[PDB]
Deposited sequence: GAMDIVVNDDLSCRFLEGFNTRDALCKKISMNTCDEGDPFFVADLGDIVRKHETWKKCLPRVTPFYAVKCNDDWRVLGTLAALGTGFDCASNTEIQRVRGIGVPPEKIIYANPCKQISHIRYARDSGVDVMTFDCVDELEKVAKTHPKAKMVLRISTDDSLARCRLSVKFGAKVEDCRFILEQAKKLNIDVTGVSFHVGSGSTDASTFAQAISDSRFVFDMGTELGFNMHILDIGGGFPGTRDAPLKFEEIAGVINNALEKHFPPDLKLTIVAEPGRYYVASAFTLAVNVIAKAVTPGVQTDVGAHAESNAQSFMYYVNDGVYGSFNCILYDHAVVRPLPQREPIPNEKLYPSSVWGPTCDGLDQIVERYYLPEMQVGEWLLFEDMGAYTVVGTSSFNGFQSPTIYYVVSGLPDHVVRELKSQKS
């Protein structure tokens, strides 16, 4: 009675149809770090997306499935020197950076790279006020700076963050052109919601992006607008089924399932994730709900998935389901306590 994922790949197809409708000017480069499953990456490749890779291993994974290097962006601003050499031999030329020290590595290791200055919206992002000096030094290093990127992140309450980021990008775009650079790529990053229970919808985020785009980056055959969505594509696609392996009573209950914070639910710690346990059995009308906690299978007392969510009395052998579990779930798991990661089945 092991745990398992059900990934509906048709959900990915619908997400992309909605992307083309809402953001027709923006070519999506899927952030593979989000979910690097083969059937996910094949479905996206077939739908025609690019791919945002952050390491030599992710480049190897997408190149292995026949994706050409021009559909890959190496969007890690701080790259190990060996990793840059590897990308250069795979034909991947587009890479990000956010400081001059990164350009010193690139001038030694991959001088013909098309470099995209990532700006801040504190780990990553060159402050706008440092950007002039960065680009001046790039000219001294003979770097082909070809664009600007930013990343708003998933924690956007107000869509106005996208608008200001795009306005700031235009200011850096114009600086680049003033210094003789071939500025032709805007990369608007990720952070787009992938779930139906999101407060800031995708549809209004897109409206704010498109109005800012028409203002600051009016249509032009020279300009290519690009993005780096991760969770948007895969979040609602995966559903996790977990077996209740133990039970305890105190009214309240305590359920232990065979997957937790070391496995698929590492999203709780690493990705600010909140989840909702759903009984897989048909709900009987008017059955009472008690306040209940759910726990992973490890020793650790930190291995808790839910604190007090109102569930009906369950039994050992029954299953709980977690919807919206495809983003940053099958990628951050470990083999702690010796427990195995759930097998993925596809619809």
Unmodelled intervals of the deposited chain, in order: 1-36, 158-167, 297-311, 409-425
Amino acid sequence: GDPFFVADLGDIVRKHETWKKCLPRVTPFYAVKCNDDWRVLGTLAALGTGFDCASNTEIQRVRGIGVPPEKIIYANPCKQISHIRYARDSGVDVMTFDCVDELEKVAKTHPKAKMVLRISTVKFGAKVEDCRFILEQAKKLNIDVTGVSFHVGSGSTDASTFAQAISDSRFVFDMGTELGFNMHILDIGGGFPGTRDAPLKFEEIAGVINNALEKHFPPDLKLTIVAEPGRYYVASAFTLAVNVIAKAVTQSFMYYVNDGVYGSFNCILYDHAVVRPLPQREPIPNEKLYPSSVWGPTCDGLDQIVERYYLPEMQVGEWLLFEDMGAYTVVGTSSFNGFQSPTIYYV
From here on, numbers count along this sequence of modelled residues.
Residue range whose averaged C-alpha B-factor is higher in the record, 202-210 or 223-231: 202-210
Residue range whose averaged C-alpha B-factor is higher in the record, 284-292 or 41-49: 284-292
Selection by C-alpha B-factor (highest) of 146, 252, 76, 266: 252
Top residue by Cα temperature factor, when 258, 96, 160, 239 are compared in the entry: 160
Residue 29 CA temperature factor, ranked by third within the chain: lowest
Residue 302 - Cα temperature factor, lowest/middle/highest third of chain: highest
Chain third (lowest, middle, highest) by recorded CA B-factor, residue given as residue 191: lowest
Chain-relative CA temperature factor third for residue 115: lowest
Where the record places residue 332 (Cα B-factor, split into thirds across the chain): highest
